[PDB]
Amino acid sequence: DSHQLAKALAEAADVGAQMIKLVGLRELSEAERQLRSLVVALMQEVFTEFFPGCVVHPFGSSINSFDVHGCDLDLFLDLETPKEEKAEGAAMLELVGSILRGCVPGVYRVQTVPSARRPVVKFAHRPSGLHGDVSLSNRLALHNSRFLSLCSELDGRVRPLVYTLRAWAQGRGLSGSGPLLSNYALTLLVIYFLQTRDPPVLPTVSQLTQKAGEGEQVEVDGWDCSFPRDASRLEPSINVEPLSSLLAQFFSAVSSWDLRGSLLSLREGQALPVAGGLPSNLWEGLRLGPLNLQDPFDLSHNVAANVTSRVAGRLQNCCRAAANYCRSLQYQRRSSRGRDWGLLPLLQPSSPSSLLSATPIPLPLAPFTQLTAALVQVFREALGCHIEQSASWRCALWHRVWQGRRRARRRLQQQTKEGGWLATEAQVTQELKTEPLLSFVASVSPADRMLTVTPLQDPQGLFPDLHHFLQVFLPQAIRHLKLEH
């Protein structure tokens, strides 16, 4: 596809046409949906044989309109009370597993996951080549999937935006299993972005809840899931901004936002100040961190709560870079013949140097001023860097200093047999030995305190080595400098 898709997007008229074509290409065909329906029908048959009156509800990527090729098939099986109710649940889970493993034909790789936040049973159907999860209870997943598809129905730009930004995110390494953003979290971030535009593209979940209607009220796990089943009773958006504009605006927005001190509410369509303690007092069980994104229904759940500060910072970095790219003429204007334009450089893999310079380096806690002073102390001395003027400095290195420190250290130890930090490391540095060999930039943001090291001039391409070496070296430096007190 990486060939076919590339030339397909290259031939498009404009950026919007590229995003639309991207949706058209990545989404499940009719045969894939028929196949998934077949599998769901089978699971339904067997589970019916076991649990009379049970209903297998497809949820997630399948029904939320954000479906892509090879996506998971997620199924929800609908059928003195202490913590034991957890154990009971687990039991039932295994029961379901034992049904999947030995009863329904052609399903293998059956793996019970009671340990997960939301308990689930992984499975793979062999003939269809499909895989996914059976959840005994996640009821909210249904309703917020319906909410996603409804959001797609509310504005036609939603699907192109979300598809493009998902592709970009997985291309920039912002989405995955680790403390990366989930596709659902990223989708909710896009929806939040669309809700926060000056004319709103999408309505808030509060407004949809108000829209409601008789009998359409629904409550799950003590949360209000009620929203209209169709978009016909809902007035359209007067925001006329074209797709490319909304994309650039996304990048710029999430790059300019304050994530640490903001819980992003899709319900109220607003940024609620985190510090101190305000949203935490209302809905208990809300874990706050580098990125805070509130579920539209369960308000005690931060969907991004898993994301580490390095990942959030990397997000904002990549978004600043992408916004900077969209400001160019390569993004706006098409190419005469064969050149990469518009969406292509965004969906193309990022250089290893950019790959590293996007994700910052976590530094020990310390006063911003004292920390920055410590850093310029570590670059000035203990490193051969010539330094000059969130705080940022331009640094120039004429030397190989990151490499061969071990040999100089050995030499200095045996020559110590002959006869705290800072200057002692500066010995190791200066004993390692006019256009600069490598010139780079070091930036420390207020929140969190982290160093973003980006290259300027790198003729021989040595920047990644310096970056990894600094990843190891700078925390040690700040550490011993903290221990001098």
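Numbering starts at 1 and runs along the sequence shown.
In this entry, residue 79 is separated from residue 80 by 10 or more residues of the deposited sequence that have no coordinates. According to the entry, the deposited sequence has 10 or more residues without coordinates between residue 389 and residue 390. Mean CA temperature factor is higher for 274 to 282 when stretches 224 to 232 and 274 to 282 are set side by side in the entry. Look at the C-alpha B-factors of 172 to 180 and of 140 to 148. On average they run higher in 172 to 180.
For the set 57, 69, 433, 33, the PDB entry puts the maximum C-alpha B factor at 433.
Comparing the listed residues 203, 129, 313, 352, the entry records the largest Cα B-factor for 352. In the deposited entry, the Cα temperature factor of residue 369 places it in the highest third of its chain's modelled residues. Sort the chain's modelled residues by C-alpha temperature factor and residue 295 lands in the lowest third, per the entry. Among the modelled residues of its chain, residue 422 has a C-alpha B-factor that falls in the highest third, as given in the PDB entry. Ranked against the other modelled residues of its chain, the C-alpha B-factor of residue 95 as given in the entry falls in the middle third. In the PDB entry, residue 193 places in the lowest third of its chain by CA B-factor.
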